[PDB]
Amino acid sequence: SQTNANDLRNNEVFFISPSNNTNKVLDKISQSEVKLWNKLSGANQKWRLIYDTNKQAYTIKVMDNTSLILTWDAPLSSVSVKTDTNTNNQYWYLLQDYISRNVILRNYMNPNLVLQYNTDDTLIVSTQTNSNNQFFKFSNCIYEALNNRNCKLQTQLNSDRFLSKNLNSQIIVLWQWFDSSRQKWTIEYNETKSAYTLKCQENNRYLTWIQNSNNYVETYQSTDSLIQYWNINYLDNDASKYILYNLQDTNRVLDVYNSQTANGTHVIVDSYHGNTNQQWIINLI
């Protein structure tokens, strides 16, 4: 409601909460079991949505590096997490009420059945009722954590190498921490682009792909051009690390050139592979 950052987009990651309690979330408590739990923002409480265009339904994948997905244990009424077997009981329609933003999770194998939370905080599937115990809310994890925050960004390559505007240049490079305004980035979600900008504190200009043979990122003036907008996402299966996809070409990502770590190493936009040099650790300043 108002912000579109919580919309049920493909490949986004969410907290899934009961409609009756914003302080609980769907939580993977073991290698097989899910339960409602107090919200801790842990990786085992984060769920990636992956849409299947043929089914018009989604797989729902836990983000604690286990790759397990929410599964209806047909013919029982229980639910689990388990390995992705591409079976119908592992797909869910996510069907949403426009005004309340409440969502049912309706199982693809038997769409009479939806996910339900009980008073004891267990999860089950059930035929459908008017009870709010079948409505859930979805909150985008990254928007919650990062929006309008001043942040520092480490390369996964080295704990003391940070995304840094170069001194006296627009070019963006890796540099050791010196507490510089050149190394501090305001992350802000743009509603029209459904993606983020990152504003250098030093000069109020933005992390931008400059498109030529070098493919450097530089600080650039405000623009509507997609080159300045970034899908900030988690690694495939792991919510502790980030990939920044450029909206101009989402097959390309923020990338430390040839995995070099020396001060002044160029940061660039290049084809995604998800290797260490494309992984970023973002923290509040």
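Throughout, we count residues from 1 along the sequence that is shown.
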> Taking the recorded C-alpha temperature factors, which stretch has the higher mean, 81-89 or 145-153?
Replying inline: 81-89
> Which has higher Cα B-factors on average according to the PDB entry: 130-138 or 164-172?
Replying inline: 164-172
>> In terms of recorded Cα temperature factor, pick the maximum from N102, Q116, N190, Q201.
In response: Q201
> Which one, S30, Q228, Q56, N233, has the peak C-alpha temperature factor per the PDB entry?
Replying inline: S30
> In terms of the CA temperature factor given in the entry, to which third of its chain does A74 belong: lowest, middle or highest?
Replying inline: highest
> What third of its chain's C-alpha B-factors does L68 belong to: lowest, middle or highest?
Replying inline: highest
> Ranked by Cα temperature factor within the chain, is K35 in the lowest third, the middle third or the highest third?
Replying inline: highest
>> By the recorded C-alpha temperature factor, relative to the other modelled residues in its chain, which third is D52 in?
In response: middle
>> Sorting by Cα B-factor within the chain, modelled residues only, which third would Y216 end up in: lowest, middle or highest?
In response: middle
